[PDB]
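K.L.:
Data file start-v4.tsv (TSV, C-alpha atoms) is appended below.
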```tsv
chain	number	residue	atom	x	y	z
A	1	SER	CA	-11.49	-16.47	-11.88
A	2	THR	CA	-11.38	-12.78	-11.04
A	3	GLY	CA	-12.14	-10.50	-8.13
A	4	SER	CA	-12.95	-6.80	-7.83
A	5	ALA	CA	-13.24	-4.81	-4.61
A	6	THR	CA	-13.63	-1.14	-3.81
A	7	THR	CA	-10.96	0.48	-1.65
A	8	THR	CA	-11.89	3.53	0.42
A	9	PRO	CA	-9.74	6.22	2.08
A	10	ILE	CA	-9.78	5.97	5.87
A	11	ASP	CA	-9.88	9.76	6.34
A	12	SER	CA	-10.03	13.07	4.49
A	13	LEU	CA	-6.26	13.01	3.80
A	14	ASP	CA	-6.07	9.57	2.15
A	15	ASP	CA	-3.73	8.44	4.93
A	16	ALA	CA	-4.50	4.84	3.96
A	17	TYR	CA	-7.15	2.82	2.13
A	18	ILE	CA	-9.32	-0.03	3.42
A	19	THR	CA	-10.83	-2.85	1.40
A	20	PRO	CA	-13.47	-5.26	2.76
A	21	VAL	CA	-12.31	-8.88	3.01
A	22	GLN	CA	-14.45	-11.91	3.89
A	23	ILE	CA	-12.77	-14.38	6.26
A	24	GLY	CA	-14.20	-17.68	7.47
A	25	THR	CA	-17.53	-19.48	7.37
A	26	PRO	CA	-19.95	-17.80	7.87
A	27	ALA	CA	-18.09	-14.80	6.50
A	28	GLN	CA	-16.57	-12.30	8.90
A	29	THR	CA	-15.94	-9.07	6.99
A	30	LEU	CA	-12.90	-7.07	8.07
A	31	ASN	CA	-11.58	-3.89	6.46
A	32	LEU	CA	-7.93	-4.52	5.59
A	33	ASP	CA	-5.12	-2.28	4.37
A	34	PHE	CA	-3.88	-3.84	1.13
A	35	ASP	CA	-0.11	-3.43	1.27
A	36	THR	CA	2.10	-4.14	-1.74
A	37	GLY	CA	5.09	-3.46	0.53
A	38	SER	CA	4.59	-6.45	2.85
A	39	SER	CA	3.56	-10.09	2.65
A	40	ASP	CA	1.53	-10.97	5.76
A	41	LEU	CA	-2.25	-11.11	5.97
A	42	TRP	CA	-2.86	-10.32	9.64
A	43	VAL	CA	-5.97	-9.32	11.54
A	44	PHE	CA	-7.21	-7.99	14.82
A	45	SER	CA	-8.79	-10.99	16.47
A	46	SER	CA	-10.44	-12.50	19.52
A	47	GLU	CA	-6.84	-13.27	20.59
A	48	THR	CA	-5.65	-9.65	20.51
A	49	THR	CA	-4.77	-8.23	23.92
A	50	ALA	CA	-7.99	-6.52	24.95
A	51	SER	CA	-6.37	-3.21	25.92
A	52	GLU	CA	-4.89	-3.00	22.40
A	53	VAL	CA	-8.29	-3.18	20.66
A	54	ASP	CA	-10.11	0.15	20.31
A	55	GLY	CA	-12.96	-0.01	17.82
A	56	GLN	CA	-11.56	-2.46	15.25
A	57	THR	CA	-13.62	-5.35	13.95
A	58	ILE	CA	-12.09	-8.64	15.07
A	59	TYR	CA	-11.78	-12.07	13.49
A	60	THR	CA	-12.96	-14.83	15.83
A	61	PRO	CA	-11.62	-18.14	14.48
A	62	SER	CA	-13.69	-20.19	16.93
A	63	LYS	CA	-16.82	-18.96	15.11
A	64	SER	CA	-15.54	-20.08	11.68
A	65	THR	CA	-16.28	-23.68	10.74
A	66	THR	CA	-13.44	-23.59	8.18
A	67	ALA	CA	-10.75	-22.17	10.48
A	68	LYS	CA	-7.90	-24.46	11.47
A	69	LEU	CA	-5.00	-23.62	13.77
A	70	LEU	CA	-1.72	-23.84	11.88
A	71	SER	CA	-0.02	-25.73	14.66
A	72	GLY	CA	3.21	-24.22	15.94
A	73	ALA	CA	3.18	-21.27	13.56
A	74	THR	CA	3.90	-17.76	14.82
A	75	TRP	CA	4.49	-14.43	13.13
A	76	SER	CA	6.02	-11.08	14.04
A	77	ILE	CA	6.41	-8.07	11.78
A	78	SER	CA	7.86	-4.57	12.04
A	79	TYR	CA	7.03	-1.90	9.48
A	80	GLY	CA	9.02	1.02	8.16
A	81	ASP	CA	6.99	3.45	10.28
A	82	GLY	CA	8.07	1.71	13.49
A	83	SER	CA	4.77	-0.09	14.06
A	84	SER	CA	4.58	-3.82	14.70
A	85	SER	CA	2.33	-6.76	15.45
A	86	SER	CA	2.66	-10.47	16.22
A	87	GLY	CA	0.66	-13.59	17.00
A	88	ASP	CA	-0.30	-17.08	15.82
A	89	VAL	CA	-1.79	-18.43	12.60
A	90	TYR	CA	-4.95	-20.05	11.29
A	91	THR	CA	-5.82	-21.21	7.82
A	92	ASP	CA	-9.26	-20.22	6.61
A	93	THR	CA	-11.25	-19.27	3.54
A	94	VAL	CA	-10.60	-15.70	2.41
A	95	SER	CA	-12.53	-13.86	-0.30
A	96	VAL	CA	-11.82	-10.48	-1.88
A	97	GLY	CA	-14.35	-9.00	-4.24
A	98	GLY	CA	-15.74	-12.41	-5.19
A	99	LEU	CA	-12.37	-14.19	-5.52
A	100	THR	CA	-11.99	-17.01	-2.99
A	101	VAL	CA	-8.86	-18.71	-1.66
A	102	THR	CA	-9.21	-21.72	0.59
A	103	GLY	CA	-6.48	-22.51	3.08
A	104	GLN	CA	-5.15	-18.95	3.24
A	105	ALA	CA	-2.89	-18.20	6.19
A	106	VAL	CA	-4.71	-15.70	8.39
A	107	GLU	CA	-2.28	-14.34	10.96
A	108	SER	CA	-4.15	-13.62	14.19
A	109	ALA	CA	-2.69	-10.77	16.23
A	110	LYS	CA	-2.00	-11.36	19.88
A	111	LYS	CA	-0.18	-8.02	20.15
A	112	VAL	CA	-0.27	-4.84	18.09
A	113	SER	CA	1.64	-1.60	18.57
A	114	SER	CA	0.01	1.64	19.60
A	115	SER	CA	-0.43	3.09	16.11
A	116	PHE	CA	-2.58	0.11	15.13
A	117	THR	CA	-4.69	0.35	18.29
A	118	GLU	CA	-5.15	4.07	17.73
A	119	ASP	CA	-6.50	3.59	14.20
A	120	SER	CA	-9.98	2.18	14.61
A	121	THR	CA	-10.57	2.05	10.84
A	122	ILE	CA	-7.95	-0.59	9.95
A	123	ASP	CA	-8.76	-4.16	11.01
A	124	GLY	CA	-5.49	-5.61	9.70
A	125	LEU	CA	-3.25	-5.80	6.65
A	126	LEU	CA	-3.34	-7.88	3.49
A	127	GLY	CA	0.18	-8.16	2.09
A	128	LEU	CA	0.72	-8.17	-1.67
A	129	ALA	CA	4.54	-8.10	-1.91
A	130	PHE	CA	6.41	-11.32	-2.68
A	131	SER	CA	5.89	-14.29	-0.39
A	132	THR	CA	9.61	-14.42	0.40
A	133	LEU	CA	8.93	-11.59	2.88
A	134	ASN	CA	6.21	-13.46	4.78
A	135	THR	CA	7.16	-13.65	8.47
A	136	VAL	CA	5.41	-16.89	9.51
A	137	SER	CA	7.76	-19.31	11.27
A	138	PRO	CA	8.78	-22.10	11.03
A	139	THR	CA	6.90	-22.56	7.73
A	140	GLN	CA	6.68	-19.44	5.60
A	141	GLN	CA	3.22	-18.81	4.13
A	142	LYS	CA	2.00	-17.49	0.78
A	143	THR	CA	0.18	-14.23	0.14
A	144	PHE	CA	-3.43	-14.13	-0.97
A	145	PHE	CA	-2.29	-13.23	-4.49
A	146	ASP	CA	0.25	-16.06	-4.63
A	147	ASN	CA	-2.42	-18.56	-3.54
A	148	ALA	CA	-4.97	-17.20	-6.03
A	149	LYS	CA	-2.60	-16.74	-8.95
A	150	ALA	CA	-2.96	-20.09	-10.71
A	151	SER	CA	-6.77	-19.78	-10.68
A	152	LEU	CA	-6.87	-16.23	-12.04
A	153	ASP	CA	-7.72	-15.53	-15.66
A	154	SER	CA	-4.41	-13.64	-15.85
A	155	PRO	CA	-1.74	-13.63	-13.10
A	156	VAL	CA	-2.14	-9.95	-12.22
A	157	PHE	CA	-3.72	-7.55	-9.82
A	158	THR	CA	-4.29	-3.83	-10.30
A	159	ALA	CA	-4.39	-0.87	-7.94
A	160	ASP	CA	-6.56	2.12	-8.87
A	161	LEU	CA	-6.45	4.34	-5.80
A	162	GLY	CA	-8.62	7.45	-5.65
A	163	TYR	CA	-7.70	10.98	-4.64
A	164	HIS	CA	-10.08	11.84	-1.81
A	165	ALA	CA	-12.40	9.19	-3.25
A	166	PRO	CA	-12.83	5.41	-3.43
A	167	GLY	CA	-10.94	3.29	-5.94
A	168	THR	CA	-10.56	-0.35	-6.93
A	169	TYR	CA	-8.37	-3.41	-6.49
A	170	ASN	CA	-8.91	-5.96	-9.25
A	171	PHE	CA	-7.52	-9.49	-9.37
A	172	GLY	CA	-7.06	-11.53	-12.53
A	173	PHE	CA	-7.93	-8.95	-15.19
A	174	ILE	CA	-7.07	-5.49	-16.47
A	175	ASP	CA	-10.09	-3.16	-16.73
A	176	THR	CA	-9.34	-1.37	-20.00
A	177	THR	CA	-11.99	1.27	-19.15
A	178	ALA	CA	-10.14	2.34	-15.99
A	179	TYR	CA	-7.24	4.22	-17.59
A	180	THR	CA	-6.42	6.53	-20.48
A	181	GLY	CA	-3.85	5.93	-23.16
A	182	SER	CA	-1.64	2.87	-22.89
A	183	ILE	CA	-0.03	0.99	-20.00
A	184	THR	CA	3.77	1.27	-19.92
A	185	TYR	CA	5.41	-1.79	-18.40
A	186	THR	CA	8.76	-1.68	-16.63
A	187	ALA	CA	11.09	-4.27	-15.15
A	188	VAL	CA	10.85	-5.46	-11.55
A	189	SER	CA	13.53	-6.80	-9.25
A	190	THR	CA	12.22	-9.24	-6.64
A	191	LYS	CA	15.60	-9.50	-4.90
A	192	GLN	CA	14.38	-7.59	-1.82
A	193	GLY	CA	10.88	-9.10	-1.93
A	194	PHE	CA	9.29	-5.85	-3.15
A	195	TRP	CA	7.74	-4.60	-6.37
A	196	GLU	CA	11.01	-2.78	-7.00
A	197	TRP	CA	11.50	-0.85	-10.23
A	198	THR	CA	13.51	2.06	-11.66
A	199	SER	CA	11.83	5.33	-12.58
A	200	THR	CA	13.46	7.17	-15.48
A	201	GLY	CA	13.34	10.64	-13.89
A	202	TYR	CA	11.17	13.50	-12.75
A	203	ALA	CA	9.93	17.02	-13.33
A	204	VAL	CA	8.66	19.69	-10.94
A	205	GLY	CA	5.61	21.61	-12.10
A	206	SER	CA	6.04	22.84	-15.66
A	207	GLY	CA	9.82	22.41	-15.42
A	208	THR	CA	11.99	20.37	-17.71
A	209	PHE	CA	12.22	16.63	-17.19
A	210	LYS	CA	15.40	15.40	-15.50
A	211	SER	CA	16.46	12.00	-16.83
A	212	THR	CA	17.87	10.07	-13.88
A	213	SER	CA	17.39	6.52	-12.61
A	214	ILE	CA	15.43	6.30	-9.34
A	215	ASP	CA	15.16	2.79	-7.90
A	216	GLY	CA	12.20	2.38	-5.59
A	217	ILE	CA	9.22	0.26	-4.59
A	218	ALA	CA	5.55	0.48	-5.52
A	219	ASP	CA	4.03	0.42	-2.01
A	220	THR	CA	0.30	0.87	-1.52
A	221	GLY	CA	0.82	0.59	2.25
A	222	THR	CA	2.91	3.77	2.48
A	223	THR	CA	1.02	7.06	2.40
A	224	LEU	CA	3.64	9.41	0.95
A	225	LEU	CA	6.22	9.59	-1.83
A	226	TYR	CA	9.77	9.17	-0.49
A	227	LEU	CA	12.55	10.13	-2.92
A	228	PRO	CA	16.23	11.11	-2.77
A	229	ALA	CA	17.01	14.30	-0.92
A	230	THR	CA	18.21	16.03	-4.11
A	231	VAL	CA	14.85	15.43	-5.85
A	232	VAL	CA	12.81	16.43	-2.81
A	233	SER	CA	14.81	19.64	-2.32
A	234	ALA	CA	14.26	20.54	-5.97
A	235	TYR	CA	10.49	20.09	-5.50
A	236	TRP	CA	10.09	22.12	-2.30
A	237	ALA	CA	12.35	24.90	-3.56
A	238	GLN	CA	9.45	25.77	-5.87
A	239	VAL	CA	7.12	26.42	-2.90
A	240	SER	CA	7.59	29.78	-1.18
A	241	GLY	CA	8.23	29.29	2.52
A	242	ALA	CA	8.63	25.52	2.39
A	243	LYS	CA	11.32	24.11	4.66
A	244	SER	CA	12.49	20.86	6.17
A	245	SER	CA	11.56	20.79	9.85
A	246	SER	CA	13.51	18.43	12.10
A	247	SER	CA	10.94	18.95	14.85
A	248	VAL	CA	7.96	18.06	12.67
A	249	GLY	CA	9.84	15.30	10.84
A	250	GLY	CA	9.92	16.46	7.24
A	251	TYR	CA	9.12	19.17	4.77
A	252	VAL	CA	6.34	21.56	5.74
A	253	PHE	CA	4.91	24.41	3.73
A	254	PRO	CA	2.52	27.33	4.23
A	255	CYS	CA	-1.04	26.08	4.08
A	256	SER	CA	-1.78	29.14	1.91
A	257	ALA	CA	0.44	27.79	-0.89
A	258	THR	CA	-0.63	26.36	-4.22
A	259	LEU	CA	1.59	23.33	-4.78
A	260	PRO	CA	3.18	22.46	-8.13
A	261	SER	CA	2.66	19.08	-9.70
A	262	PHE	CA	5.34	16.39	-9.70
A	263	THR	CA	5.98	14.13	-12.68
A	264	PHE	CA	7.76	10.78	-12.56
A	265	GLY	CA	8.99	8.72	-15.49
A	266	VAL	CA	8.01	5.16	-16.35
A	267	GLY	CA	10.17	4.30	-19.30
A	268	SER	CA	9.40	6.94	-21.90
A	269	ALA	CA	6.00	7.60	-20.30
A	270	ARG	CA	5.18	10.20	-17.64
A	271	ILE	CA	2.81	10.11	-14.65
A	272	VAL	CA	1.73	13.52	-13.34
A	273	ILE	CA	0.89	13.90	-9.65
A	274	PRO	CA	-1.27	17.04	-9.29
A	275	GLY	CA	-0.10	19.52	-6.68
A	276	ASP	CA	-3.20	19.00	-4.53
A	277	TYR	CA	-2.24	15.33	-4.03
A	278	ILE	CA	0.91	16.54	-2.22
A	279	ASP	CA	-0.99	18.47	0.49
A	280	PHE	CA	-1.35	16.53	3.75
A	281	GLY	CA	-2.89	19.37	5.69
A	282	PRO	CA	-2.05	21.14	8.93
A	283	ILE	CA	0.71	19.60	11.01
A	284	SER	CA	-1.59	19.97	14.05
A	285	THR	CA	-5.19	21.08	14.25
A	286	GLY	CA	-5.53	24.75	13.38
A	287	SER	CA	-1.92	25.23	12.30
A	288	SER	CA	-1.09	27.19	9.16
A	289	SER	CA	1.92	24.94	8.56
A	290	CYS	CA	1.01	22.03	6.29
A	291	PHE	CA	2.75	18.68	5.88
A	292	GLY	CA	4.20	17.78	2.50
A	293	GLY	CA	3.38	14.63	0.57
A	294	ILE	CA	6.85	14.31	-0.97
A	295	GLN	CA	9.54	13.59	1.62
A	296	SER	CA	13.16	12.49	1.66
A	297	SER	CA	14.01	8.79	1.68
A	298	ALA	CA	17.50	9.53	3.02
A	299	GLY	CA	16.75	7.94	6.39
A	300	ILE	CA	14.93	4.90	4.98
A	301	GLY	CA	17.42	3.11	2.73
A	302	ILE	CA	14.94	2.78	-0.15
A	303	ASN	CA	12.81	5.10	-2.26
A	304	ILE	CA	9.08	4.50	-1.88
A	305	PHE	CA	6.41	5.22	-4.50
A	306	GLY	CA	3.60	5.28	-1.96
A	307	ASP	CA	-0.02	6.29	-2.32
A	308	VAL	CA	0.75	9.90	-3.33
A	309	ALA	CA	2.39	8.56	-6.49
A	310	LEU	CA	0.31	5.44	-7.09
A	311	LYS	CA	-3.05	7.24	-6.83
A	312	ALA	CA	-2.08	9.33	-9.87
A	313	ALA	CA	-1.94	6.13	-11.97
A	314	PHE	CA	-3.61	2.87	-12.86
A	315	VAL	CA	-1.01	0.36	-11.67
A	316	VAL	CA	-0.63	-3.24	-12.88
A	317	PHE	CA	1.18	-5.69	-10.61
A	318	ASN	CA	2.03	-8.39	-13.15
A	319	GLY	CA	2.85	-11.66	-11.38
A	320	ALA	CA	3.85	-13.60	-14.47
A	321	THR	CA	6.90	-15.86	-14.23
A	322	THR	CA	9.00	-12.73	-14.71
A	323	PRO	CA	7.07	-10.06	-12.80
A	324	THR	CA	6.71	-6.54	-14.18
A	325	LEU	CA	4.89	-3.34	-13.23
A	326	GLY	CA	2.62	-1.34	-15.52
A	327	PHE	CA	1.58	2.29	-15.16
A	328	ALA	CA	-1.08	4.22	-17.05
A	329	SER	CA	-2.53	7.68	-16.63
A	330	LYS	CA	-6.22	7.84	-15.75
```
Write the structure described by the file as structure tokens, please.

P.N.:
Amino acid sequence: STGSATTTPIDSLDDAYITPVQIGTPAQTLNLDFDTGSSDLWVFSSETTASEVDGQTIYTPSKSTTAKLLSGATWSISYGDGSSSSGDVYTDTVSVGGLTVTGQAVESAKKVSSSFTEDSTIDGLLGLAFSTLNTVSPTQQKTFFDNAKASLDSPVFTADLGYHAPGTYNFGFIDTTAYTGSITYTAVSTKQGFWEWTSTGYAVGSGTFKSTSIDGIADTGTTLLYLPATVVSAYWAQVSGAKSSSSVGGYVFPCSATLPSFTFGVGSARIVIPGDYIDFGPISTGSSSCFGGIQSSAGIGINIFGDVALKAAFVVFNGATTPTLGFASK
């Protein structure tokens, strides 16, 4: 089997991407944030505290003839941005782009933190990291990809995120028309539960490539590119007037600037992020200070190849017995 679904930016900045997902019988379609940095499929629901729902579409398990309470199971998750959610668990039929999994754990939110409530466009998350990170207790549950894997034509999914435009998540096949050149594959460590890999270096604009190992995670659920402070300083030093602002929470730059590109290495291959992809717009409405799309990971503990980086590539998440990542230009 295969599946193919369009993913759409939630706003004009590509702050996140939503993909329609069918849950239950008859189908209830919710727009989920596919997140290769986490491993829970959770949804706003008829169980979510009413004051914490503000415009999201909810899953109502009592209206699904295939929903079953997973008795005793609870979940609770905290994300790197400080947001969180928790609740109980149903199993139900879940379909993405024509690919169907029966018995998928659908984690129903009883509580969500303010940033989820405040984002009416995201109805929940669909985790695509390794199932070892799934938070369901006392019986850990598998991701949608893990459940589908054995049925897929090939044990892979691909992320093809657009810049200010829709893109595609495919399951079970590699669309050879969706990228240019060849796909360069690179090793993955699953030791932390992430799609963790080592970039071979970087360049800023037309500058020379610096060969240096940068361990980080391919994370579709993180908006920006978070790299070591040395790398980030080297980038922003090429932008007149750019500075790190403690009060804003990162590097800002004059909105009048033209940003240089940023290149990262995948083995001997190179992925080029155009400068425009690094502009996240005014820090507040009407400001002439703009927020940068490349930020320091120093306070995180891990480097994160988020959407800013991934949207410049066609990315293969290869879930073979030994997982690997593939990157192609497009």

K.L.:
Find the residue from A:283, A:102, A:34, A:290 that sits nearest to residue 258 (chain A); use only C-alpha atoms when measuring.

P.N.:
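Among A:283, A:102, A:34, A:290, it is A:290 that comes nearest to residue 258 (chain A).
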
K.L.:
For residue 134 (chain A), which residue out of A:41, A:304, A:58, A:183 is the nearest one, using only C-alpha atoms?

P.N.:
A:41

K.L.:
Name all residues at most 9 Å from residue 276 (chain A) (count only C-alpha atoms; drop same-chain ones fewer than 3 positions away) and give them as a VMD selection string.

P.N.:
chain A and resid 258 to 261 273 279 to 280

K.L.:
Taking 5 positions as the minimum chain separation for residues in the same chain, which residues sit within 12 Å of residue 209 (chain A) when counting all atoms listed in the file? Answer as a list in words.

P.N.:
residues 200, 201, 202, 203, 204, 231, 262, 263, 264, 265, 268, 269, 270, 271 and 272 of chain A

K.L.:
Work out how far CA of residue 312 (chain A) is from CA of residue 210 (chain A), in Å to one decimal.

P.N.:
19.3 Å

K.L.:
Within 12 Å of residue 181 (chain A), counting all atoms listed in the file, which residues show up once you throw out same-chain ones fewer than 2 positions away? Write them as a list in words, please.

P.N.:
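My list of contacting residues is residues 176, 177, 178, 179, 183, 184, 269, 270, 271, 313, 314, 327, 328, 329 and 330 of chain A.
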
K.L.:
Please identify all polymer residues within 8 Å of residue 277 (chain A), counting only C-alpha atoms, omitting same-chain residues fewer than 6 positions from it, and present them as a list in words.

P.N.:
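Once the nearby chain positions are removed, what remains is residues 163, 293 and 308 of chain A.
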
K.L.:
Write out as a list in words each polymer residue whose atoms come within 7 Å of residue 133 (chain A), counting all atoms listed in the file; drop sequence neighbours fewer than 3 positions from it.

P.N.:
residues 38, 39, 130 and 193 of chain A

K.L.:
Return the single residue from A:320, A:13, A:109, A:73 that is closest to residue 43 (chain A), with distances computed using only C-alpha atoms.

P.N.:
A:109

K.L.:
Which residues of region 111-224 of chain A come within 12 Å of region 59-70 of chain A, and for each one, what is the closest pair of atoms and their distance in Å to one decimal, counting all atoms listed in the file, sorted by chain and residue number, as a tab-separated table?

P.N.:
```
residue	atom	partner	partner_atom	distance
A:123	CA	A:59	CA	8.8
A:124	CA	A:59	CA	9.8
A:136	CA	A:70	CA	10.2
A:137	CA	A:70	CA	10.5
A:138	CA	A:70	CA	10.7
A:139	CA	A:70	CA	9.7
A:140	CA	A:70	CA	11.4
A:141	CA	A:70	CA	10.5
```

K.L.:
Go ahead and compute the interatomic distance for CA of residue 295 (chain A) and CA of residue 252 (chain A), in Å to one decimal.

P.N.:
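Those two atoms sit 9.5 Å apart.
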
K.L.:
From the list A:206, A:113, A:154, A:143, which residue is nearest residue 35 (chain A) when using only C-alpha atoms?

P.N.:
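Using only C-alpha atoms, the shortest distance to residue 35 (chain A) belongs to A:143.
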
K.L.:
Could you jot down the CA of residue 307 (chain A) to CA of residue 14 (chain A) separation for me, Å, one decimal place?

P.N.:
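Interatomic distance here is 8.2 Å.
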
K.L.:
Set up a box along x, y and z of the file covering all listed atoms of region 96-110 of chain A, add 6 Å on every one of the six sides, and write the centre and edge lengths in Å to one decimal, as lines of an AutoDock Vina configuration file.

P.N.:
```
center_x = -8.9
center_y = -15.8
center_z = 7.2
size_x = 25.7
size_y = 25.5
size_z = 37.4
```

K.L.:
Smallest atom-to-atom distance to residue 126 (chain A): which of A:221, A:26, A:319, A:228, using all atoms listed in the file?

P.N.:
A:221

K.L.:
Would you mind telling me which residue in A:188, A:214, A:53, A:227 lies nearest to residue 110 (chain A) when using only C-alpha atoms?

P.N.:
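The shortest atom-to-atom distance to residue 110 (chain A) comes from A:53.
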